[PDB]
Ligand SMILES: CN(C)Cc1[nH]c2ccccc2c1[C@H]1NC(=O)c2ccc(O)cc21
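Shown below, as structure tokens, is a lone chain in the form deposited without this ligand; questions about how it binds or moves come after it.
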């Protein structure tokens, strides 16, 4: 079986944990403990290959130690998550991408930009704004709802496929 280390990053409250649990357990958990950082495993067949996804759902205090740097460096691909009704969480994406680039020592790291909470009508981040950011980064952009499950599988599997591409270069 091939193992993939995925890391889900982004501001508090954007739905990182909801997305992760939807993928793992196939249901929407509304108010999952905002402080728990943990990793979750799922076995799935993707494009004919049996794969073990090890998903780190990030949380907790903002700190920049060598210990945390090495922890994050073990990730092979990153989901950058913002909420489409929270402009600050979108503006924070630059920060998260630069910290990834810093610890991986590379500008070519598999990443996918996710705009979550698409089920809401109160949108503040334009789809064109978000797409344009992803195009300048050269990475895929997918809008999701952990509540309705729209796009969840697609976001995670697109990241797996990006990692496969990057290993085949």
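Residue numbers count along the first chain shown, from 1.
Just so you know, the form deposited with this ligand bound exists too; it's not on screen, but the next bit is about it.
**Q** Place this ligand on the shown form using its pose in the entry with it bound and a superposition of the nearby C-alphas, then give a one-word verdict, open or blocked, with blocked set at 3+ atoms within 2.4 Å of backbone or C-beta.
**A** The pocket is open.
**Q** Which residue among 125, 56, 139, 133 has a heavy atom within 4.5 angstroms of this ligand in the entry with it bound?
**A** The residue from 125, 56, 139, 133 that makes the contact is 56.
**Q** Can any non-hydrogen atom of residue 49 be found within 4.5 angstroms of this ligand in the entry with it bound?
**A** No, residue 49 stays farther than 4.5 Å from this ligand in the entry with it bound.
**Q** Is residue 45 part of the interface with this ligand in the entry with it bound - any heavy atom within 4.5 Å?
**A** The answer is no: residue 45 has no heavy atom within 4.5 Å of this ligand.
**Q** Even though the partner isn't displayed, in the entry with it bound is residue 41 close enough to this ligand, meaning a heavy atom within 4.5 Å?
**A** Answer yes; at least one heavy atom of residue 41 falls within 4.5 Å of this ligand in the entry with it bound.
**Q** With a cut-off of 4.5 Å between heavy atoms, is residue 70 one of the residues that contacts this ligand in the entry with it bound?
**A** Answer yes; at least one heavy atom of residue 70 falls within 4.5 Å of this ligand in the entry with it bound.
**Q** In the entry with it bound, which residues of 1-32 put a heavy atom within 4.5 Å of this ligand?
**A** 5, 6, 7 sit within 4.5 Å of the partner.
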